[PDB]
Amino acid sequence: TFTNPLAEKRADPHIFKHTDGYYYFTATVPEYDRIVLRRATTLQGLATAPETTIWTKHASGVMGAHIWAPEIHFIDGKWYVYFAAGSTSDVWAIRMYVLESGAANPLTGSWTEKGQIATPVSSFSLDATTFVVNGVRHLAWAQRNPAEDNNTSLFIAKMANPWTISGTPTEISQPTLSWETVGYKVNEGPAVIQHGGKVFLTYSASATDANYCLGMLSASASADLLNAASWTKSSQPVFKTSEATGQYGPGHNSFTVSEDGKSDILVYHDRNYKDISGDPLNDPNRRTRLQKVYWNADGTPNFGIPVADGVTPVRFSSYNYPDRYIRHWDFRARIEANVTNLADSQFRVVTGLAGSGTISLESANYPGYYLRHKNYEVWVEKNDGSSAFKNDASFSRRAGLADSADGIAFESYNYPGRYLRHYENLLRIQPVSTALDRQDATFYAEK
């Protein structure tokens, strides 16, 4: 689990896990004047890791303003940082630049400017990222197609080396959908994750206020990624504002992996309030957040919704039906497999509303609603402040009745001897007497 936010006043977060046992974290800073870096042996450890400024804007000329969206990568034995910058003479003539270091430790190492990443068209360009698919290193970025009436579109190309493209780019997406064109018509911040022989390219769209969101392109890993036809654009955002969890304009993401390498992690920013004083680019309050990516049965990523601040929620699977998870539908709790609306199946364990060391299970998509029983049936319902609700929504965490070491069971606080259990897939609180009953009342958290 993660505790969000990871880092206040850091936008466009990029985290890179290296072979040296460390995660490396860079981001845009509010002053847009430099490139910072920190490292930690764990993702959660990044929150208190100290920053080094590795590079500062030039006093005059190119690379002299709007230092935006650095990414750090390790390629062929060296570190590379990809970033965007305008000039002191023209602060909005943003182009893509690369730094290189041969040092083992990029925090203390010295950096060489490898210059601007040249592109056929001379126009507003930013958010360069690099990734390898089917043995081939690509660059993807955001750039103004001058012949289009918008801010930026998405481009992809092969690479000759980490600072030079080979051959010609392909435009693979342009901002045309209603949710891509709020305030400004933008596709930016491309980021690539691969799973099960498919490649997913997420990207950010609309202005950087509450309307900011993620879209996605999908392709096969064996396809020609430079053929625009290889890519399918999602019709609706794959990640967007949740008023319910108080998370606004989520976007400019990257992807990393958990400590064991077994879980993909979505790294992104948002704000915890909706309305912004003045111009969003002068608002410094975007913060970096982390949440696990869950993979749908159909092989596509499920980002759910931007989770509430604090500890991340978890999913509970059944002991005897390992692929079925506790979820709500029309607010009734049940176990079910292949949950498409992911957040219906996410809950966080919090101190019990009735105290005495009990626990309560708060809904991820309906904060302040909890798993609670009424007439021995389990629903997800809003805490109304009543004593009755507290008691109905509080449980004593027990070791699993069919698996004591790794399993979990939930004994009702106000009805001792009754456990949360599934029956005909619906959740209830009932006494437990048989071997099967004990299995029906045992669950796993994050398994």
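The first residue of the shown sequence is 1; numbering continues from there.
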Per the PDB entry, mean CA B-factor is higher for 124-132 or 226-234, namely for 226-234
Between 322-330 and 354-362, the record assigns the higher mean Cα B factor to 354-362
Entry record, C-alpha B-factors for 188, 264, 275, 113; the maximum is at 275
Note to self: of 96, 305, 290, 281, the C-alpha temperature factor tops out at 281
Split the chain's modelled residues into thirds by Cα B-factor; residue 432 lands in the highest
Here the Cα B-factor of residue 52, set against its chain, lands in the third termed highest
For residue 269, the third of its chain by CA B-factor is the lowest
By the entry's values, the third containing the CA B factor of residue 349 is the highest
Binned into thirds over the chain's modelled residues, the C-alpha B-factor of residue 64 lands in the middle
